[PDB]
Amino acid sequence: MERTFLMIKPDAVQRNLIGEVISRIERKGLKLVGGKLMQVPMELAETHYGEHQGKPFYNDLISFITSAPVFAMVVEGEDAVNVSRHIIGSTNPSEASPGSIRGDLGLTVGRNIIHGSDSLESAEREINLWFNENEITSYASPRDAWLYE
């Protein structure tokens, strides 16, 4: 089944919102298949956020993401990449739909709760960057027969 990379950022961690973010992912029908609380080393931060090296927020992003643990996830489900982006909401929490993770819990664009892969291509890159395959489980669940034709 399709997989994406999700990551609860240090603002949500330091706000004691880990369970609440997870609940939103779970209740959507997405399956957690990889999951670890970890500190992000500088090298990992930078390769993760490589595409943004040009920009004025870059230094502040790298600092932020490396300032306290994140909860990194691999998440499975039909159309999982676009589904997750949909529930996460716009990069800017003031544009994100109410009801979305960022919309409900994020205040500013730079501190916006959670990351999700932006495409299949960047899902497979990020999943490989953050996880080894031995860290990723595969398992059938009761509700699987009810989520899918």
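We number the residues from 1 along the sequence you see.
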Could you check which stretch, 6 to 14 or 125 to 133, carries the larger mean CA temperature factor in the entry?
125 to 133
Quick one: higher average CA temperature factor, 39 to 47 or 76 to 84?
39 to 47
Of the options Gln53, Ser90, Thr108, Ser117, which has the highest CA B factor as deposited?
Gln53
Checking the record values for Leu32, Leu61, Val70, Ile101, which has the greatest CA B factor?
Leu61
